[PDB]
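FYI, side chains are in, hydrogens and waters are out, and symmetry mates aren't considered; it's all heavy atoms of this structure. Indexing begins at 1, ligand by ligand and atom by atom, following the structure's order. Each chain gets a letter, A, B and so on, in the order the sequences are listed, and its residues count up from 1.
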Amino acid sequence: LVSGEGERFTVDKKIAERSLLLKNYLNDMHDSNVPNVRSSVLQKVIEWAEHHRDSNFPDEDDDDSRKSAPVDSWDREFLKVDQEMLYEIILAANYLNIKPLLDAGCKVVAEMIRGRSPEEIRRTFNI
Amino acid sequence: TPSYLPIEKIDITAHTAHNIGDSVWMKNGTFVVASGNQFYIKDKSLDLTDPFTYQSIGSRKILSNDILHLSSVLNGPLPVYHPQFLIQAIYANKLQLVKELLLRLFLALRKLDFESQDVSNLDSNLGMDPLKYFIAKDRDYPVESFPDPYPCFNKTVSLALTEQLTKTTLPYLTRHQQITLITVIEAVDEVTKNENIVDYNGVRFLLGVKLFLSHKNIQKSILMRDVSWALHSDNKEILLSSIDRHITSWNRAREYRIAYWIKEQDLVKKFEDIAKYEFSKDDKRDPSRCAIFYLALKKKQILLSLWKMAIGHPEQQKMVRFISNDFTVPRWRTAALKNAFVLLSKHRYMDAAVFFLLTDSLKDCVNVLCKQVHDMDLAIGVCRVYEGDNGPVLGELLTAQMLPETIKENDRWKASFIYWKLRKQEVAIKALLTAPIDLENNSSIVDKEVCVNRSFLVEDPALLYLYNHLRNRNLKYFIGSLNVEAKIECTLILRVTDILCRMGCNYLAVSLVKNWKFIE
Amino acid sequence: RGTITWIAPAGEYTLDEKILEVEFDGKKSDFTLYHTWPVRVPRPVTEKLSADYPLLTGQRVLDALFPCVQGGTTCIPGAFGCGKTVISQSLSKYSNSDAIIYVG
Ligand SMILES: Nc1ncnc2c1ncn2[C@@H]1O[C@H](COP(=O)(O)OP(=O)(O)O)[C@@H](O)[C@H]1O
Ligand SMILES: [Mg+2]
């Protein structure tokens, strides 16, 4: 439920049910019956889940949605904190099968890389 | 290439003999240097006369002449038309995307020429929607269409591009990179033709060989990467028939390493044809050269006839009188072994291998081929044609002669190939991720400190793409252990990115992390 | 001939101590530091080269006027006090040869 490298957190909550992996691996259906994620990025993911605890997403049933839309500004600033850690945050959101964080991370990193091209550098950095 | 490259030599000494007092960067690369009470502020522009700037910029074309912009050209995300981005988007299962990017490159170049605008205005992303790079699978890519004059990438667009790329110099690309871009256009042209036949480990091999042909000056044989792409393809016949035209001599059947991957049922035919050629070489008829290929096939009779019809050769009288015997007889078996060991001492290694194969002592023919003749390529071929496709002598040969050097060199392509030919598939697939020294008590072979380490251990993104393929076809071996496998998949994904990011293919790193499927 | 079944480690061995084992046709043979060869059979070579380097004796007349080469054959006919043995010994002393076999 928490990374072994000194990682701990709330064992379960409405937030932890946000991860579709934990929808089955969090003792879900206990009557009928995390290792990989790095500690810091685990903290970051649970922070995002807690923040959006009071939100709703169309999940994979968004069809035309789930993409081709601007990302939430708070998510933009929250994820835009480290270039090297964003890829492993995307990987964590992938392993936990959490679609919204995956989509947000991909949007943010795509815009970072697009904005690092020399044309965009000159058009937005110095000009 | 070096990981770092100097771009300027700020030579303040050319004005004063006093040593530099203090140095400090500032806003926009302004580099303030102090000496005495007297500053030497250098702006972030470049002086092209400097040898360092001249060498680092090379043949490139850059929008601004800056240390900041230059450091953003030698490093940072690649323009989506860069050859090192297109080959990496082909190795990843994104061929359709590469075709679309080439089409958009053509359209943008035509747009620039039609409006008479300078090519340096060309957009780095070619107006691509970034989500396209993140599409999980090649057949799920939404391949849109363009207006009628050039709706979809095809032969006409290919020729037009190959003309334009000679009539213009693309920005940020050294002329050599532009040459490789043209060869990538040709490779995509070839793949589009074969795209309906060969699975996608055939497409990767085809691009590998097409890139090999352009680098025979520095590359002496297709990398083991391409041998492993072809070895795991379901259409080895198509790949072999595509590269057949180049396999005329043994020296060219050793460049494409056909002995490693081509089907045994085609390796027999290729030995027959290579024997035909090696006999009738440029110089003259000599059954000495084509002996090994005819014995490996178990065609001693054809070799005997070849010796007979070679009336002019000085060795003819001895060889016809010797080979004609029946080497099941113990006396003649021992005579052939004695002659083999005499030829090994008279420094006639190939003939020693031939004689060691007359008697069916393959374990000694292949050891003379791989240790004294230095042809592991021919040793594998003889093993595979003589006895069978996989082992047992081939297994011992690989475990003795190749496995140690592979472990010392810390090569995982070779290790996977070896554990495949030993039909140890379950660990052959794992050898792609974990270094060879950690497999199957290989630490018993060489001390862990003898192996290569430090910066020399540069990753290889393709090495992962193969695994994700095999892992998905051989799931029977991975259902038994998931947590331990994930513990290393989640390490090699983050170590394969951070080179896809360090080689400018960030868009592919995000795709790799986004689309990777953990086997729950 | 054969496949080294066993090779001795570095160390001090007498001539009679076994140094190598080599299996040929399943039969194992043992090799010490020495071996015997028939003095009447010439020892084999891979190929016979062409002698092209001088056999630099210490003698001006023999070095300059009638030179010999390394691998050549020379004869020194003479009467019973003209120096056939002094020439032989001077050559044994000052020749380039890495080894001398002086047969009397
Ligand atoms: N190069 C020489 N310098 C000086 N004395 C020599 C030389 N060669 C031969 N002699 C003298 O000649 C003597 C007889 O020659 P010797 O060496 O016995 O040859 P041979 O066997 O032909 O008689 C020697 O003992 C020595 O005194
Ligand atoms: Mg005498």
Q: Could you tell me which residues satisfy side chain to side chain contact (heavy atoms under 4.5 Å, CB included) with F31(C), sequence neighbours excluded, listed by chain and number?
A: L20(C), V22(C), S29(C)
Q. Can you check whether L62(C) reaches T74(C) side chain to side chain, under 4.5 Å on heavy atoms?
A. no
**Q.** Ring centres under 6.0 angstrom apart (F356(B), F341(B))
**A.** yes
Q. Testing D266(B), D377(B), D389(B) for salt bridge (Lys or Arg N to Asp or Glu O under 4.0 Å) with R384(B), which one passes?
A. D389(B)
Q | Under 4.0 Å from ligand 1 - residues by heavy atom, chain and number | A | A79(C), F80(C), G81(C), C82(C), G83(C), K84(C), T85(C), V86(C)
Q | SB check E272(B) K269(B) (cutoff 4.0 Å) | A | no
Q. Is there a donor-acceptor contact under 3.5 Å linking the side chains of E17(C) and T14(C)?
A. yes
